[PDB]
Amino acid sequence: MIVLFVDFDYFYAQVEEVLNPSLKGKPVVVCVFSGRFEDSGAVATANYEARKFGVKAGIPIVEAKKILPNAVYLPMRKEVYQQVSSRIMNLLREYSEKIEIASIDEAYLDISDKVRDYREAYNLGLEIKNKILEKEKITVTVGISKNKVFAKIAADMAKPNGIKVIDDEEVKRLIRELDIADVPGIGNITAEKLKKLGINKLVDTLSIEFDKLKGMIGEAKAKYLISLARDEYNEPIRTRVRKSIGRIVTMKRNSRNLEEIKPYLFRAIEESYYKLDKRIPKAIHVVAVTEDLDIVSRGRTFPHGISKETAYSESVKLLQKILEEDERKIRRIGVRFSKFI
DNA sequence: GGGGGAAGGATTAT
DNA sequence: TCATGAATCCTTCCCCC
Ligand SMILES: *[C@H]1c2c(cc3ccc4cccc5ccc2c3c45)[C@@H](O)[C@H](O)[C@@H]1O
Ligand SMILES: [Ca+2]
Ligand SMILES: [Ca+2]
């Protein structure tokens with residue numbers, strides 16, 4: 001299997017630069033403003049001019065403005081980015097029908113039937129890079145390797161505006177030298193738990209016994225790291241289907257008074273049904289973000305599709321179950337739909 | 001025992 | 001005084017043959 005992974009560089013920030021080229025060279029910070037208070041929310045992404053100074057995805061906008069008060073802070077325009085993304089994804093389908101769109105700015109292409117060796121692949125990668133740049137003015141990073149994971153790692157090493165191949169030999173070196181924390185799917189919590197087990201590189205997962213790994217990081221993650229260490233990972237590039245869709249809204253003030261919360265929830269449902277866009281869910285979950293920012297949720301699965309009306313009444317019952325089983329105040333209240341017909 | 005699948009907290013990446 | 005203008009992951013837990 002020969003895999004070509006495309007990762008659009010600082011995508012939201014880049015798209016804003018394309019739509020307003022005068023931003024190029026300036027620190028650009030794309031944020032999600034929550035509404036709770038002045039500059040409350042989080043940074044969705046920052047271009048490298050802003051990243052240099054520590055402004056990166058996930059940090060509070062207030063924290064970012066204390067570092068770069070003069071940087072350009074733009075509200076996230078998801079719809080715009082999604083459309084530019086769709087167009088780029090379409091360009092990618094012209095190089096391979098076997099495409100897995102992992103997210104709005106990442107895609108895996110199984111180009112096995114299209115290229116013979118890694119030299120080909122690389123040339124295709126440069127062709128893909130140039131095409132996107134020409135058609136959309138977006139620079140991407142291409143990662144090429146034997147499976148989806150190393151192609152992603154390849155891209156992680158080559159970004160931004162890069163292209164890296166990791167041949168069957170460098171894979172073996174990485175299985176020994178790469179910080180296991182740099183492996184896709186292993187976030188801060190699993191990394192730290194692996195550290196306490198004594199595992200720091202992929203090869204180490206082989207020295208530990210399975211039941212110990214399984215107990216610490218979980219069966220799924222355990223088999224995954226082991227398969228990677230054994231150089232046996234070969235998951236197929238497949239079409240990804242969004243499994244759940246939701247809407248979470250911030251309330252004007254923290255509450256646990258059902259009638260104060262209701263409007264927000266109902267609006268969340270009303271807007272969720274629009275994003276469902278034809279999809280009919282058989283499951284619904286009411287999500288409550290408490291005052292200490294913890295998450296509590298309650299859901300129910302139906303033997304049939306859920307109508308907006310059924311959603312309205314069931315959500316209230318579910319929200320009551322939250323307020324009943326959890327005593328904290330609700331900051332944000334949302335709904336989530338899944339198990340589509 | 002384990003297929004199946006529901007529930008919901010845990011985790012990842014932005 | 002945090003959001004993904006969340007979504008998925010994935011571990012229980014339970015029914016039931
Ligand atoms: C934000 C997002 C998306 C889809 C929709 C669809 C319909 C909406 C109606 C009203 C409000 C609203 C807010 C955010 C939305 C909406 C709506 C997604 O396509 C996007 O990825 C974000 O989740
Ligand atoms: Ca990216
Ligand atoms: Ca990404």
Side-chain angles (χ1 to χ4, degrees), chain A residues 7-13 29-46 51 55-66 74-82 85 102-106 152 156 181-194 214-224 240-251 253-254 264 267-268 271-272 274-275 281-303 318 321-322 325-326 329 331-340:
Chain A
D7 193 313
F8 314 163
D9 306 310
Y10 64 102
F11 197 50
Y12 299 174
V29 198
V30 176
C31 323
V32 185
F33 294 96
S34 67
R36 175 55 75 187
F37 56 85
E38 182 84 308
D39 302 315
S40 51
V43 171
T45 196
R51 279 180 203 190
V55 171
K56 53 151 101 150
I59 72 166
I61 297 161
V62 185
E63 165 155 58
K65 289 197 179 183
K66 272 168 186 164
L74 302 172
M76 181 188 65
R77 293 196 287 167
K78 192 59 180 301
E79 284 53 49
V80 179
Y81 320 140
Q82 178 63 69
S85 175
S103 64
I104 195 174
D105 73 329
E106 288 168 37
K152 180 147 182 59
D156 285 354
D182 286 354
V183 179
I186 305 294
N188 286 188
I189 292 171
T190 300
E192 286 272 25
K193 288 191 186 183
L194 282 169
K214 176 205 162 181
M216 194 68 167
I217 71 170
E219 178 170 46
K221 261 151 183 121
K223 295 182 170 179
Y224 167 71
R240 281 197 201 177
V241 185
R242 190 157 303 306
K243 301 300 183 180
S244 79
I245 285 158
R247 193 82 184 76
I248 214 303
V249 295
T250 304
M251 294 165 71
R253 69 194 215 283
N254 294 23
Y264 299 97
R267 274 180 280 174
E271 312 188 319
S272 295
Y274 184 157
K275 44 191 304 195
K282 294 191 299 296
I284 179 178
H285 285 80
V286 169
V287 180
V289 181
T290 65
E291 56 185 325
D292 61 320
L293 292 175
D294 191 356
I295 311 285
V296 181
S297 77
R298 292 294 178 268
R300 180 191 173 345
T301 297
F302 289 75
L318 293 171
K321 192 180 291 159
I322 290 179
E325 295 170 12
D326 201 275
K329 285 177 189 170
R331 195 194 213 263
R332 309 184 78 201
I333 193 65
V335 71
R336 186 159 211 76
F337 293 101
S338 57
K339 295 174 182 168
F340 310 126

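Note that these values count all heavy atoms, side chains included, but never hydrogens, waters or copies made by symmetry. In what follows, chains carry the letters A, B, and so on, assigned in the order in which the sequence lines appear, proteins first and then strands, with residues in each chain numbered from 1.
Taking only side-chain nitrogens and oxygens, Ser244(A) comes nearer than 4.0 Å to OP1 or OP2 of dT8(C). For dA6(B), the OP1/OP2 oxygens have a side-chain nitrogen or oxygen of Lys339(A) closer than 4.0 Å. OP1 or OP2 of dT4(C) has at least one side-chain nitrogen or oxygen of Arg332(A) nearer than 4.0 Å. The phosphate of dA6(C) (OP1 or OP2) has no side-chain N or O of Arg336(A) nearer than 4.0 angstrom. The phosphate of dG5(C) (OP1 or OP2) has no side-chain N or O of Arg77(A) nearer than 4.0 angstrom. Regarding contacts with the backbone of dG8(B), a side-chain N or O of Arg298(A) is found under 4.0 angstrom from either OP1 or OP2. Phosphate proximity of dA7(B) to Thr301(A): present, with a side-chain N or O under 4.0 Å from OP1 or OP2. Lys78(A) has a side-chain polar atom (N or O) that falls below the 4.0 Å cut-off from OP1 or OP2 of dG5(C). Distances shown here put a side-chain N or O of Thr190(A) below 4.0 Å from the OP1 or OP2 atom of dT12(B). For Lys275(A), a side-chain nitrogen or oxygen approaches OP1 or OP2 of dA6(C) to under 4.0 Å. Taking 4.0 angstrom as the limit, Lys221(A) places none of its side-chain polar atoms (N or O) nearer than this to OP1 or OP2 of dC9(C).
Under 3.5 Å, the side chains of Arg36(A) and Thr250(A) contain no donor-acceptor pair of N or O atoms.
Sequence order on DNA chain C of the closest nucleotides to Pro75(A) and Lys243(A) puts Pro75(A) first from the 5' end. Along DNA chain C, the nucleotide nearest to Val43(A) and the one nearest to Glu79(A) differ in position, and the one closer to the 5' end is contacted by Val43(A).
Closest contact between the side chain of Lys193(A) and the listed nucleotides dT11(B), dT11(C), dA3(C) involves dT11(B). The side chain of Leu293(A) sits closest to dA3(C) out of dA3(C), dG8(B), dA6(B). Listed nucleotides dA6(C), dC10(C), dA3(C) differ in distance to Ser34(A); the shortest reach to its side chain belongs to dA3(C). Residue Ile189(A) has its side chain nearest to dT12(B) when only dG9(B), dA7(B), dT12(B) are considered.
The environment of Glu325(A) atom CD is dense: over 12 non-hydrogen atoms of other residues, nucleotides or ligands sit within 6.0 angstrom. Atom NZ of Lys282(A) sits in a crowded spot, with more than 12 heavy atoms from other residues, nucleotides or ligands closer than 6.0 Å. Within a 6.0 Å sphere centred on CG of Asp292(A), other residues, nucleotides and ligands contribute more than 12 heavy atoms.
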Is there a salt bridge (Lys or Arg N to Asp or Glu O under 4.0 Å) between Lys223(A) and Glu219(A) once you walk through the steps?
CA-CA 6 Å; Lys223(A) 295 182 170 179; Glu219(A) 178 170 46; 3.5 Å; yes
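No N or O donor and acceptor, one from the side chain of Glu325(A) and one from the base of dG8(B), sit under 3.5 Å apart.
Using atom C1' as the reference point in both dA3(C) and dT11(B), the two lie 15 Å apart (nearest Å).
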